[PDB]
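K.L.:
What follows is structure.cif, mmCIF, C-alpha atoms.
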```cif
data_query
loop_
_atom_site.label_atom_id
_atom_site.label_comp_id
_atom_site.auth_asym_id
_atom_site.auth_seq_id
_atom_site.Cartn_x
_atom_site.Cartn_y
_atom_site.Cartn_z
CA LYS A 625 -13.83 -19.59 46.25
CA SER A 626 -13.99 -23.13 47.63
CA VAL A 627 -13.95 -26.84 46.81
CA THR A 628 -15.85 -29.96 47.82
CA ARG A 629 -13.54 -32.42 49.56
CA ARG A 630 -14.07 -36.15 50.09
CA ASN A 631 -13.66 -36.01 53.89
CA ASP A 632 -13.34 -39.79 53.77
CA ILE A 633 -11.23 -42.66 52.44
CA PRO A 634 -11.81 -46.31 51.55
CA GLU A 635 -11.53 -48.74 54.46
CA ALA A 636 -8.09 -50.29 55.00
CA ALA A 637 -7.72 -53.28 52.67
CA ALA A 638 -5.29 -55.25 54.86
CA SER A 639 -4.66 -56.13 58.51
CA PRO A 640 -1.85 -54.20 60.31
CA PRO A 641 1.45 -56.08 60.58
CA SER A 642 3.48 -55.97 63.81
CA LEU A 643 6.29 -53.41 63.99
CA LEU A 644 8.16 -55.39 66.65
CA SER A 645 8.34 -58.34 64.26
CA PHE A 646 10.52 -56.24 61.96
CA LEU A 647 12.55 -54.70 64.78
CA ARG A 648 13.68 -58.14 65.96
CA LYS A 649 14.93 -58.96 62.46
CA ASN A 650 16.65 -55.63 61.86
CA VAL A 651 18.37 -55.16 65.22
CA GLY A 652 20.18 -51.91 64.44
CA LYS A 653 18.96 -49.84 61.50
CA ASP A 654 15.52 -48.47 62.37
CA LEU A 655 12.27 -48.29 60.42
CA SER A 656 13.10 -45.48 57.98
CA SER A 657 15.72 -47.69 56.31
CA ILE A 658 14.03 -51.07 56.83
CA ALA A 659 12.28 -52.77 53.91
CA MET A 660 8.69 -52.83 55.14
CA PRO A 661 5.71 -54.38 53.37
CA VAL A 662 3.23 -51.85 52.00
CA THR A 663 0.72 -53.19 54.54
CA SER A 664 2.77 -51.52 57.30
CA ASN A 665 1.86 -48.16 55.77
CA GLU A 666 -1.12 -45.81 55.83
CA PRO A 667 -2.07 -44.16 52.48
CA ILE A 668 -0.08 -40.91 52.77
CA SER A 669 3.58 -39.87 52.54
CA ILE A 670 5.65 -38.37 55.35
CA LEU A 671 5.37 -34.98 53.64
CA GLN A 672 1.59 -35.30 53.95
CA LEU A 673 1.84 -36.45 57.58
CA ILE A 674 3.92 -33.45 58.62
CA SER A 675 1.49 -31.18 56.75
CA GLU A 676 -1.08 -32.19 59.37
CA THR A 677 0.90 -29.88 61.64
CA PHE A 678 -1.29 -27.24 59.95
CA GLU A 679 -4.71 -28.84 60.47
CA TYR A 680 -5.51 -26.08 62.98
CA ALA A 681 -3.80 -23.23 61.15
CA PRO A 682 -6.65 -20.85 62.06
CA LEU A 683 -5.09 -20.75 65.54
CA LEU A 684 -2.14 -18.89 64.01
CA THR A 685 -4.46 -16.45 62.27
CA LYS A 686 -6.30 -15.87 65.56
CA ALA A 687 -2.95 -15.39 67.27
CA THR A 688 -2.13 -12.42 65.03
CA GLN A 689 -5.38 -10.81 66.20
CA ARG A 690 -5.01 -11.32 69.96
CA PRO A 691 -3.02 -9.40 72.63
CA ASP A 692 -1.57 -12.64 74.04
CA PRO A 693 -0.44 -14.42 70.84
CA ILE A 694 1.79 -17.03 72.46
CA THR A 695 -1.29 -18.57 74.06
CA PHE A 696 -2.66 -19.46 70.63
CA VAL A 697 0.74 -20.30 69.16
CA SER A 698 1.14 -22.73 72.06
CA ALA A 699 -2.25 -24.29 71.29
CA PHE A 700 -1.15 -24.62 67.67
CA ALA A 701 2.14 -26.23 68.68
CA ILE A 702 0.37 -28.91 70.72
CA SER A 703 -2.58 -29.47 68.36
CA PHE A 704 -0.81 -31.78 65.93
CA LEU A 705 -0.66 -34.47 68.62
CA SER A 706 -4.43 -34.88 68.32
CA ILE A 707 -4.15 -36.95 65.14
CA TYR A 708 -3.16 -39.85 67.39
CA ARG A 709 -6.25 -39.67 69.60
CA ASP A 710 -7.70 -42.74 67.89
CA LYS A 711 -5.10 -45.38 68.70
CA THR A 712 -5.74 -46.95 65.30
CA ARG A 713 -3.54 -44.22 63.77
CA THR A 714 -0.50 -45.58 65.64
CA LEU A 715 -0.71 -49.00 63.92
CA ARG A 716 0.82 -47.95 60.58
CA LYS A 717 3.33 -45.39 59.26
CA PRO A 718 3.34 -43.08 56.21
CA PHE A 719 5.20 -43.97 53.02
CA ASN A 720 8.79 -42.72 52.92
CA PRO A 721 8.90 -39.96 50.31
CA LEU A 722 11.38 -40.21 47.47
CA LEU A 723 14.21 -37.70 47.28
CA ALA A 724 12.80 -34.67 45.42
CA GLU A 725 9.22 -35.79 46.01
CA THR A 726 7.01 -32.79 46.82
CA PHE A 727 3.65 -32.09 48.38
CA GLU A 728 1.68 -28.91 47.97
CA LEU A 729 -1.40 -28.03 49.99
CA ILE A 730 -3.58 -25.05 49.18
CA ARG A 731 -6.37 -24.44 51.68
CA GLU A 732 -8.25 -21.32 50.61
CA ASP A 733 -10.78 -21.99 53.37
CA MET A 734 -8.01 -21.35 55.91
CA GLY A 735 -6.22 -18.75 53.82
CA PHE A 736 -2.92 -20.59 53.49
CA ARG A 737 -0.81 -22.56 51.07
CA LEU A 738 2.02 -24.93 51.82
CA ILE A 739 4.81 -26.46 49.77
CA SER A 740 7.15 -29.22 50.94
CA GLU A 741 9.97 -31.27 49.45
CA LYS A 742 12.24 -34.11 50.56
CA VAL A 743 15.63 -32.40 50.26
CA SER A 744 17.90 -35.19 51.54
CA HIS A 745 17.61 -39.00 51.58
CA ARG A 746 20.41 -40.06 53.94
CA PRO A 747 19.58 -38.83 56.45
CA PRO A 748 15.99 -37.95 55.51
CA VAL A 749 15.35 -34.21 55.57
CA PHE A 750 12.04 -32.58 54.70
CA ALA A 751 11.55 -28.86 54.08
CA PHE A 752 8.27 -27.00 54.55
CA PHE A 753 7.11 -23.45 53.84
CA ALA A 754 3.56 -22.41 54.73
CA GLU A 755 2.20 -18.95 53.91
CA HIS A 756 -0.87 -16.95 54.91
CA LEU A 757 -1.48 -13.23 54.40
CA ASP A 758 -0.70 -12.62 58.07
CA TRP A 759 1.90 -15.27 58.93
CA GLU A 760 4.32 -17.78 57.47
CA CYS A 761 6.13 -20.81 58.81
CA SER A 762 9.34 -22.59 57.79
CA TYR A 763 10.47 -26.02 58.95
CA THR A 764 13.45 -28.24 58.14
CA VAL A 765 12.92 -31.59 59.81
CA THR A 766 14.45 -35.02 60.23
CA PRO A 767 12.28 -37.62 61.98
CA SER A 768 14.22 -39.83 64.38
CA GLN A 769 13.54 -42.94 66.42
CA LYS A 770 15.25 -45.00 69.11
CA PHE A 771 13.80 -47.95 71.02
CA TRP A 772 14.21 -47.79 74.79
CA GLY A 773 13.76 -51.54 75.18
CA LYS A 774 9.98 -51.76 75.40
CA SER A 775 8.90 -48.47 73.83
CA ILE A 776 10.15 -46.39 70.92
CA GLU A 777 10.96 -42.70 71.18
CA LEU A 778 9.78 -40.63 68.23
CA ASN A 779 11.12 -37.15 67.53
CA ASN A 780 11.08 -34.57 64.77
CA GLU A 781 14.49 -32.90 64.82
CA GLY A 782 14.20 -29.32 63.67
CA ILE A 783 12.86 -25.97 64.77
CA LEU A 784 9.49 -24.74 63.54
CA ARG A 785 9.96 -21.05 62.76
CA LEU A 786 6.78 -19.00 62.77
CA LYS A 787 6.73 -15.37 61.66
CA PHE A 788 3.86 -12.91 62.06
CA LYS A 789 3.71 -10.99 58.78
CA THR A 790 1.66 -8.38 60.63
CA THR A 791 4.29 -7.37 63.21
CA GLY A 792 7.32 -9.49 62.40
CA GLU A 793 7.14 -11.20 65.80
CA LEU A 794 8.82 -14.60 65.64
CA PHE A 795 7.99 -17.82 67.48
CA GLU A 796 10.13 -20.95 67.61
CA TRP A 797 9.80 -24.44 69.03
CA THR A 798 10.83 -28.05 68.52
CA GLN A 799 7.98 -30.55 68.47
CA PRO A 800 7.68 -32.57 71.70
CA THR A 801 8.94 -36.12 72.06
CA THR A 802 6.35 -38.88 71.72
CA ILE A 803 6.50 -42.56 72.64
CA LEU A 804 4.94 -45.57 70.92
CA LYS A 805 3.84 -48.15 73.52
CA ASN A 806 2.49 -51.71 73.64
CA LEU A 807 4.72 -53.00 70.85
CA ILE A 808 4.83 -56.47 72.41
CA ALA A 809 1.16 -57.13 73.11
CA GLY A 810 -2.13 -55.30 73.51
CA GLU A 811 -3.33 -52.24 71.63
CA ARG A 812 -0.45 -50.04 70.50
CA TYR A 813 -0.71 -46.31 71.20
CA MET A 814 1.27 -43.08 71.35
CA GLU A 815 1.60 -40.37 73.97
CA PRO A 816 3.72 -37.22 74.38
CA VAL A 817 6.33 -37.15 77.14
CA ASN A 818 8.50 -34.70 79.06
CA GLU A 819 8.07 -31.04 78.12
CA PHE A 820 8.90 -28.39 75.52
CA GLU A 821 8.84 -24.62 75.18
CA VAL A 822 7.68 -22.05 72.66
CA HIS A 823 9.74 -18.86 72.52
CA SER A 824 8.83 -15.44 71.17
CA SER A 825 11.28 -12.90 69.78
CA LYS A 826 9.69 -10.48 72.26
CA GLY A 827 10.84 -12.49 75.28
CA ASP A 828 7.66 -14.39 76.11
CA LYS A 829 8.02 -18.09 76.84
CA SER A 830 5.50 -20.91 77.11
CA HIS A 831 6.27 -24.09 79.03
CA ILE A 832 4.22 -27.16 78.12
CA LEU A 833 4.38 -30.15 80.46
CA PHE A 834 2.67 -33.45 79.71
CA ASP A 835 1.21 -35.65 82.45
CA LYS A 836 3.38 -38.60 83.43
CA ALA A 837 1.92 -42.06 82.83
CA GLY A 838 3.72 -45.37 82.49
CA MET A 839 2.15 -48.21 84.47
CA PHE A 840 -1.50 -47.67 85.41
CA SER A 841 -3.10 -44.32 84.53
CA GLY A 842 -3.32 -45.62 80.96
CA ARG A 843 -2.48 -43.30 78.07
CA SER A 844 -1.26 -39.86 79.12
CA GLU A 845 -3.65 -37.30 77.63
CA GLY A 846 -3.48 -34.27 79.91
CA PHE A 847 -1.03 -31.39 79.94
CA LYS A 848 -0.45 -27.95 81.45
CA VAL A 849 0.89 -24.77 79.89
CA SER A 850 2.64 -22.01 81.82
CA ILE A 851 2.87 -18.68 80.00
CA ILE A 852 5.68 -16.43 81.22
CA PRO A 853 5.81 -12.91 79.75
CA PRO A 854 9.08 -10.95 79.93
CA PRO A 855 9.54 -8.33 82.67
CA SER A 856 8.66 -4.71 81.87
CA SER A 857 5.86 -5.90 79.58
CA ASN A 858 2.13 -5.26 79.97
CA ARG A 859 1.41 -8.96 79.41
CA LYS A 860 0.77 -11.09 82.50
CA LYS A 861 1.42 -14.69 83.53
CA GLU A 862 -1.23 -17.18 82.46
CA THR A 863 -1.82 -20.92 82.65
CA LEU A 864 -3.57 -23.26 80.23
CA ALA A 865 -4.74 -26.84 80.68
CA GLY A 866 -6.37 -29.60 78.68
CA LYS A 867 -5.95 -32.92 76.90
CA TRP A 868 -4.25 -33.18 73.51
CA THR A 869 -6.96 -35.67 72.58
CA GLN A 870 -9.77 -33.16 73.06
CA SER A 871 -9.27 -29.50 73.98
CA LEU A 872 -7.30 -26.73 75.68
CA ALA A 873 -8.63 -23.94 77.89
CA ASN A 874 -7.39 -20.92 79.83
CA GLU A 875 -7.27 -22.07 83.47
CA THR A 876 -8.13 -18.64 84.88
CA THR A 877 -11.12 -17.84 82.66
CA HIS A 878 -12.00 -21.39 81.59
CA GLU A 879 -12.23 -20.06 78.03
CA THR A 880 -11.73 -22.70 75.34
CA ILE A 881 -8.71 -21.97 73.14
CA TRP A 882 -8.74 -25.06 70.92
CA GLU A 883 -10.80 -28.21 70.33
CA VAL A 884 -10.27 -31.21 68.06
CA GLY A 885 -12.15 -31.46 64.79
CA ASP A 886 -13.73 -34.54 63.27
CA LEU A 887 -12.39 -37.96 62.35
CA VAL A 888 -13.67 -39.84 59.32
CA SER A 889 -16.67 -42.10 59.84
CA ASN A 890 -15.86 -45.53 61.32
CA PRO A 891 -12.22 -44.48 61.97
CA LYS A 892 -11.20 -47.89 63.31
CA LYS A 893 -11.53 -49.20 59.76
CA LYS A 894 -9.82 -46.18 58.21
CA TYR A 895 -6.44 -45.84 59.95
CA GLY A 896 -7.92 -43.50 62.55
CA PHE A 897 -7.65 -40.68 60.00
CA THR A 898 -9.05 -37.21 60.65
CA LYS A 899 -11.10 -35.62 57.89
CA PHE A 900 -8.05 -33.45 57.21
CA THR A 901 -5.86 -36.55 56.84
CA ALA A 902 -8.37 -38.10 54.45
CA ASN A 903 -8.23 -34.97 52.30
CA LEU A 904 -4.44 -34.84 51.97
CA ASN A 905 -4.17 -37.27 49.07
CA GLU A 906 -7.20 -36.05 47.12
CA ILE A 907 -6.86 -34.37 43.73
CA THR A 908 -9.50 -31.64 43.43
CA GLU A 909 -10.04 -28.85 40.91
CA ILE A 910 -7.34 -26.98 42.82
CA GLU A 911 -4.66 -29.49 41.87
CA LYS A 912 -5.99 -30.95 38.61
CA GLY A 913 -3.48 -30.29 35.85
CA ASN A 914 -1.43 -27.96 38.05
CA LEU A 915 0.89 -30.38 39.84
CA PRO A 916 4.56 -31.04 39.05
CA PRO A 917 5.42 -34.70 38.29
CA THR A 918 6.68 -35.07 41.86
CA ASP A 919 3.62 -34.49 44.08
CA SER A 920 2.75 -37.23 46.59
CA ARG A 921 -0.77 -37.31 45.12
CA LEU A 922 0.76 -38.75 41.95
CA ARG A 923 2.51 -41.70 43.60
CA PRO A 924 1.14 -44.98 42.22
CA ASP A 925 1.91 -47.13 45.23
CA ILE A 926 0.16 -44.79 47.65
CA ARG A 927 -2.81 -44.47 45.28
CA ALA A 928 -3.18 -48.19 44.64
CA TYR A 929 -2.91 -48.86 48.39
CA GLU A 930 -5.50 -46.18 49.15
CA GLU A 931 -7.90 -47.83 46.71
CA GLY A 932 -7.34 -51.30 48.16
CA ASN A 933 -5.20 -52.75 45.37
CA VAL A 934 -2.60 -54.18 47.76
CA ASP A 935 -0.65 -56.46 45.41
CA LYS A 936 -0.16 -53.61 42.96
CA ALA A 937 0.79 -51.23 45.76
CA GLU A 938 3.52 -53.60 46.92
CA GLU A 939 4.88 -54.01 43.39
CA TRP A 940 4.89 -50.24 42.88
CA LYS A 941 6.50 -49.54 46.26
CA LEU A 942 9.37 -51.87 45.37
CA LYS A 943 9.61 -50.34 41.89
CA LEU A 944 9.86 -46.74 43.12
CA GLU A 945 12.51 -47.70 45.67
CA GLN A 946 14.45 -49.61 43.02
CA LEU A 947 14.37 -46.73 40.53
CA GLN A 948 15.66 -44.36 43.18
CA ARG A 949 18.45 -46.73 44.19
CA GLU A 950 19.51 -47.05 40.53
CA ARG A 951 19.63 -43.26 40.17
CA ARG A 952 21.59 -42.99 43.41
CA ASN A 953 24.21 -45.62 42.58
CA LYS A 954 24.81 -44.01 39.19
CA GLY A 955 25.49 -40.73 40.97
CA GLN A 956 22.42 -39.31 39.25
CA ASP A 957 20.17 -38.61 42.23
CA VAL A 958 17.59 -35.91 41.58
CA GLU A 959 18.38 -32.50 43.08
CA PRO A 960 15.70 -30.74 45.16
CA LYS A 961 14.24 -27.77 43.29
CA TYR A 962 12.27 -25.48 45.61
CA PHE A 963 14.46 -25.18 48.69
CA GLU A 964 18.11 -24.25 49.15
CA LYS A 965 20.44 -25.20 52.00
CA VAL A 966 21.38 -22.19 54.12
CA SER A 967 23.23 -24.08 56.85
CA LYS A 968 23.47 -27.41 58.64
CA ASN A 969 19.94 -28.66 59.27
CA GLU A 970 18.39 -25.57 57.68
CA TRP A 971 16.81 -25.20 54.23
CA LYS A 972 14.93 -22.20 52.86
CA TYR A 973 12.24 -21.69 50.22
CA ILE A 974 13.70 -20.42 46.93
CA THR A 975 12.04 -17.22 45.72
CA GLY A 976 12.01 -15.85 42.20
CA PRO A 977 10.82 -16.77 38.66
CA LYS A 978 11.73 -20.42 39.24
CA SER A 979 10.13 -20.71 42.67
CA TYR A 980 7.46 -23.36 43.17
CA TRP A 981 4.53 -20.94 43.22
CA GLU A 982 5.79 -18.92 40.26
CA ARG A 983 6.33 -22.08 38.17
CA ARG A 984 2.88 -23.38 39.10
CA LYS A 985 1.23 -20.30 37.59
CA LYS A 986 2.51 -21.31 34.15
CA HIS A 987 2.89 -25.10 34.46
CA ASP A 988 6.66 -24.52 34.21
CA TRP A 989 7.81 -28.07 34.96
CA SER A 990 9.69 -29.04 31.78
CA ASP A 991 12.96 -29.45 33.71
CA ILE A 992 11.38 -31.67 36.38
CA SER A 993 12.12 -35.36 35.86
CA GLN A 994 9.72 -38.22 36.48
CA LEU A 995 10.71 -40.09 39.65
CA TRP A 996 8.53 -43.02 38.55
#
```
Would you encode the structure as structure tokens?
P.N.:
Amino acid sequence: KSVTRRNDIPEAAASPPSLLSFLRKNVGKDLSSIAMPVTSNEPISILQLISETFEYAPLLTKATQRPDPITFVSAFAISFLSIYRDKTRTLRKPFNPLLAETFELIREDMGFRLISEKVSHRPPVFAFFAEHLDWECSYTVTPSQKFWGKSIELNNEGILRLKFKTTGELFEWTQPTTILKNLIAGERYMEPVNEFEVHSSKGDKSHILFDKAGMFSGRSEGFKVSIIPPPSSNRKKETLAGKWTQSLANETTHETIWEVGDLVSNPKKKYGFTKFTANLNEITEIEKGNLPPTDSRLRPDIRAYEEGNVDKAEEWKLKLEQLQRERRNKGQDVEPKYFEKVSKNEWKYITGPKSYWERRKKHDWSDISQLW
């Protein structure tokens, strides 16, 4: 089957405040814990933002059908950076999810479904489990940030664990470090820095290096990928090259491996959102009447903000934060329901009759409290 998606969002209803303005007043605790006006946000939650990691999920499906899978897994690993191609996207940040807030994403068109939940508040920890007939991916992540004096370093702490359900081959990697520049003056923007590697359980390794730029060459957009197969294997060494803002190709054959999709119309007025981003917070026939009380699509502050009702969005943002603080101080914080902690910095999807997907089949949410 299929569903018609909006592929668009209302234009931003307010001008973007300056992040630096808040950094100077909160010298110490960074962003995630700082009381920010709703105007500093974009209309999605962090769970929805991280779900964009799967915008190009078909690359994973293609990987399970190719002899050199790490080439496509590498493309997939780098692809998420493309959401920042329109610098407008770097002006605001997603809403901080509430503890126990969830976000499901079923994309029949790409053959996968994803479920996510905020499993810890201090520090923030988000758990993700994406499944396709031929692959699945787990991720326990904690976003982090540290200003270097003029620029801020952004990182997602946690290993993305991909598993081919066809062969069992595993791939792992930590998302690359990115930097937010021009916080003082000019047009703010983000760019990846340093390098990172993707590792296969079969020995293969991929080394991704981003071009260095920090004084003239403008925003760094290019990168190179060196594929190194293990010895005694029939796979050979290969190199890939491209720009995370546009495409990636095999340097030897010049064959295109990945290309960016579309942004919404007039993106400068719509947070620089991709069509995929614009579709994250939409309730379609897929979700209607099937969501637990905790889905990000049900948050009133995000919804009001999306629809341009700023004053109401601010009031709701404060209200949700206040309700959570009250629950917390009483020692009555809500416990996550769909993931279980297996170790330090590692959560795992709970299977069984009370799993998210099993509950969804029968609207079994009677034991799920209303966070707002």
K.L.:
Give the centre and edge lengths of an axis-aligned box, in Å to one decimal, that holds all listed atoms of segment 730-749 of chain A with 3 Å on each side, as AutoDock Vina command-line options.
P.N.:
```
--center_x 4.8 --center_y -29.4 --center_z 52.8 --size_x 37.2 --size_y 27.3 --size_z 13.3
```
K.L.:
Taking all atoms listed in the file into account, which of A:675, A:870, A:876, A:664 comes nearest residue 849 of chain A?
P.N.:
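Closest candidate: A:876.
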K.L.:
Got a sec: who's within 8 Å of segment 980-986 of chain A, counting all atoms listed in the file, leaving out chain neighbours fewer than 4 positions off, as number ranges by chain?
P.N.:
A: 739, 914-916, 962, 974, 976
K.L.:
I'd like the residues picked by the PyMOL selection byres ((chain A and resi 759-774) around 7) written out as a JSON list (two decimals) with C-alpha atoms, in the coordinates of the input, using the chain letters and numbers from the file.
P.N.:
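The resulting file, selection02.json, is reproduced below:
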```json
[["chain", "number", "residue", "atom", "x", "y", "z"],
["A", 748, "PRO", "CA", 15.99, -37.95, 55.51],
["A", 749, "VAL", "CA", 15.35, -34.21, 55.57],
["A", 750, "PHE", "CA", 12.04, -32.58, 54.70],
["A", 751, "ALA", "CA", 11.55, -28.86, 54.08],
["A", 752, "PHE", "CA", 8.27, -27.00, 54.55],
["A", 753, "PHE", "CA", 7.11, -23.45, 53.84],
["A", 754, "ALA", "CA", 3.56, -22.41, 54.73],
["A", 755, "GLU", "CA", 2.20, -18.95, 53.91],
["A", 756, "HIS", "CA", -0.87, -16.95, 54.91],
["A", 757, "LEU", "CA", -1.48, -13.23, 54.40],
["A", 758, "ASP", "CA", -0.70, -12.62, 58.07],
["A", 775, "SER", "CA", 8.90, -48.47, 73.83],
["A", 776, "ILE", "CA", 10.15, -46.39, 70.92],
["A", 777, "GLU", "CA", 10.96, -42.70, 71.18],
["A", 778, "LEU", "CA", 9.78, -40.63, 68.23],
["A", 779, "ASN", "CA", 11.12, -37.15, 67.53],
["A", 780, "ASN", "CA", 11.08, -34.57, 64.77],
["A", 781, "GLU", "CA", 14.49, -32.90, 64.82],
["A", 782, "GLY", "CA", 14.20, -29.32, 63.67],
["A", 783, "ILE", "CA", 12.86, -25.97, 64.77],
["A", 784, "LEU", "CA", 9.49, -24.74, 63.54],
["A", 785, "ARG", "CA", 9.96, -21.05, 62.76],
["A", 786, "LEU", "CA", 6.78, -19.00, 62.77],
["A", 787, "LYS", "CA", 6.73, -15.37, 61.66],
["A", 788, "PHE", "CA", 3.86, -12.91, 62.06],
["A", 789, "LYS", "CA", 3.71, -10.99, 58.78],
["A", 969, "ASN", "CA", 19.94, -28.66, 59.27],
["A", 970, "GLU", "CA", 18.39, -25.57, 57.68],
["A", 971, "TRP", "CA", 16.81, -25.20, 54.23]]
```
K.L.:
Would you mind reading off the distance between atom CA of residue 923 of chain A and atom CA of residue 637 of chain A, one decimal, in Å?
P.N.:
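Distance reported for this atom pair: 17.9 Å.
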K.L.:
For a test of reading the model, state the distance in Å between atom CA of residue 796 of chain A and atom CA of residue 880 of chain A, rounded to one decimal.
P.N.:
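Interatomic distance, atom CA of residue 796 of chain A to atom CA of residue 880 of chain A: 23.3 Å.
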K.L.:
When the PyMOL selection byres ((chain A and resi 823-829) around 12) is applied to the file above, which residues end up in the set, as a PyMOL selection string?
P.N.:
chain A and resi 692-695+697-698+701+783-788+791-798+820-822+830-832+849-863
K.L.:
Just the selected residues (C-alpha atoms), exported as a PDB file, in the coordinates of the input, please.
P.N.:
```
ATOM      1  CA  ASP A 692      -1.570 -12.640  74.040  1.00  0.00           C
ATOM      2  CA  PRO A 693      -0.440 -14.420  70.840  1.00  0.00           C
ATOM      3  CA  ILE A 694       1.790 -17.030  72.460  1.00  0.00           C
ATOM      4  CA  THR A 695      -1.290 -18.570  74.060  1.00  0.00           C
ATOM      5  CA  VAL A 697       0.740 -20.300  69.160  1.00  0.00           C
ATOM      6  CA  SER A 698       1.140 -22.730  72.060  1.00  0.00           C
ATOM      7  CA  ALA A 701       2.140 -26.230  68.680  1.00  0.00           C
ATOM      8  CA  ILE A 783      12.860 -25.970  64.770  1.00  0.00           C
ATOM      9  CA  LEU A 784       9.490 -24.740  63.540  1.00  0.00           C
ATOM     10  CA  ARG A 785       9.960 -21.050  62.760  1.00  0.00           C
ATOM     11  CA  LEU A 786       6.780 -19.000  62.770  1.00  0.00           C
ATOM     12  CA  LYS A 787       6.730 -15.370  61.660  1.00  0.00           C
ATOM     13  CA  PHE A 788       3.860 -12.910  62.060  1.00  0.00           C
ATOM     14  CA  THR A 791       4.290  -7.370  63.210  1.00  0.00           C
ATOM     15  CA  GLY A 792       7.320  -9.490  62.400  1.00  0.00           C
ATOM     16  CA  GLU A 793       7.140 -11.200  65.800  1.00  0.00           C
ATOM     17  CA  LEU A 794       8.820 -14.600  65.640  1.00  0.00           C
ATOM     18  CA  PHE A 795       7.990 -17.820  67.480  1.00  0.00           C
ATOM     19  CA  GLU A 796      10.130 -20.950  67.610  1.00  0.00           C
ATOM     20  CA  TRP A 797       9.800 -24.440  69.030  1.00  0.00           C
ATOM     21  CA  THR A 798      10.830 -28.050  68.520  1.00  0.00           C
ATOM     22  CA  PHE A 820       8.900 -28.390  75.520  1.00  0.00           C
ATOM     23  CA  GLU A 821       8.840 -24.620  75.180  1.00  0.00           C
ATOM     24  CA  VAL A 822       7.680 -22.050  72.660  1.00  0.00           C
ATOM     25  CA  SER A 830       5.500 -20.910  77.110  1.00  0.00           C
ATOM     26  CA  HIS A 831       6.270 -24.090  79.030  1.00  0.00           C
ATOM     27  CA  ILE A 832       4.220 -27.160  78.120  1.00  0.00           C
ATOM     28  CA  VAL A 849       0.890 -24.770  79.890  1.00  0.00           C
ATOM     29  CA  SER A 850       2.640 -22.010  81.820  1.00  0.00           C
ATOM     30  CA  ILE A 851       2.870 -18.680  80.000  1.00  0.00           C
ATOM     31  CA  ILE A 852       5.680 -16.430  81.220  1.00  0.00           C
ATOM     32  CA  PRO A 853       5.810 -12.910  79.750  1.00  0.00           C
ATOM     33  CA  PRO A 854       9.080 -10.950  79.930  1.00  0.00           C
ATOM     34  CA  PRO A 855       9.540  -8.330  82.670  1.00  0.00           C
ATOM     35  CA  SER A 856       8.660  -4.710  81.870  1.00  0.00           C
ATOM     36  CA  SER A 857       5.860  -5.900  79.580  1.00  0.00           C
ATOM     37  CA  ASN A 858       2.130  -5.260  79.970  1.00  0.00           C
ATOM     38  CA  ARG A 859       1.410  -8.960  79.410  1.00  0.00           C
ATOM     39  CA  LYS A 860       0.770 -11.090  82.500  1.00  0.00           C
ATOM     40  CA  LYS A 861       1.420 -14.690  83.530  1.00  0.00           C
ATOM     41  CA  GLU A 862      -1.230 -17.180  82.460  1.00  0.00           C
ATOM     42  CA  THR A 863      -1.820 -20.920  82.650  1.00  0.00           C
TER      43      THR A 863
END
```
K.L.:
Have a look at A:669, A:844, A:975, A:790 and name the one nearest to residue 920 of chain A; count only C-alpha atoms.
P.N.:
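Selected residue with least distance to residue 920 of chain A: A:669.
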K.L.:
Can you tell me which residues surround residue 902 of chain A at a distance of at most 6 Å, considering only C-alpha atoms, apart from same-chain residues fewer than 2 positions away, and format the answer as a list in words?
P.N.:
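These residues fall inside the cut-off: residues 631, 632, 633, 899, 900 and 904 of chain A.
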K.L.:
Which is closest to residue 702 of chain A among A:989, A:680, A:736, A:895, if we use all atoms listed in the file?
P.N.:
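Nearest candidate to residue 702 of chain A out of A:989, A:680, A:736, A:895: A:680.
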K.L.:
In Å, rounded to a single decimal, give me how far atom CA of residue 677 of chain A is from atom CA of residue 704 of chain A.
P.N.:
5.0 Å
K.L.:
Generate N, CA and C atoms for segment 709-716 of chain A and emit them as a PDB file, in the frame of the given file.
P.N.:
```
ATOM      1  N   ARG A 709      -5.251 -39.402  68.572  1.00  0.00           N
ATOM      2  CA  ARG A 709      -6.250 -39.670  69.600  1.00  0.00           C
ATOM      3  C   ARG A 709      -6.903 -41.032  69.403  1.00  0.00           C
ATOM      4  N   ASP A 710      -7.154 -41.412  68.154  1.00  0.00           N
ATOM      5  CA  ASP A 710      -7.700 -42.740  67.890  1.00  0.00           C
ATOM      6  C   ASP A 710      -6.462 -43.604  67.737  1.00  0.00           C
ATOM      7  N   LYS A 711      -6.256 -44.501  68.694  1.00  0.00           N
ATOM      8  CA  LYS A 711      -5.100 -45.380  68.700  1.00  0.00           C
ATOM      9  C   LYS A 711      -4.850 -46.121  67.389  1.00  0.00           C
ATOM     10  N   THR A 712      -5.884 -46.257  66.570  1.00  0.00           N
ATOM     11  CA  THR A 712      -5.740 -46.950  65.300  1.00  0.00           C
ATOM     12  C   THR A 712      -4.644 -46.292  64.448  1.00  0.00           C
ATOM     13  N   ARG A 713      -4.530 -44.970  64.548  1.00  0.00           N
ATOM     14  CA  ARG A 713      -3.540 -44.220  63.770  1.00  0.00           C
ATOM     15  C   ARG A 713      -2.100 -44.635  64.075  1.00  0.00           C
ATOM     16  N   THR A 714      -1.857 -45.177  65.264  1.00  0.00           N
ATOM     17  CA  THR A 714      -0.500 -45.580  65.640  1.00  0.00           C
ATOM     18  C   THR A 714      -0.079 -46.957  65.116  1.00  0.00           C
ATOM     19  N   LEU A 715      -0.988 -47.658  64.444  1.00  0.00           N
ATOM     20  CA  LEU A 715      -0.710 -49.000  63.920  1.00  0.00           C
ATOM     21  C   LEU A 715       0.161 -49.032  62.665  1.00  0.00           C
ATOM     22  N   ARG A 716       0.042 -48.014  61.817  1.00  0.00           N
ATOM     23  CA  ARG A 716       0.820 -47.950  60.580  1.00  0.00           C
ATOM     24  C   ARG A 716       1.607 -46.645  60.471  1.00  0.00           C
TER      25      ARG A 716
END
```
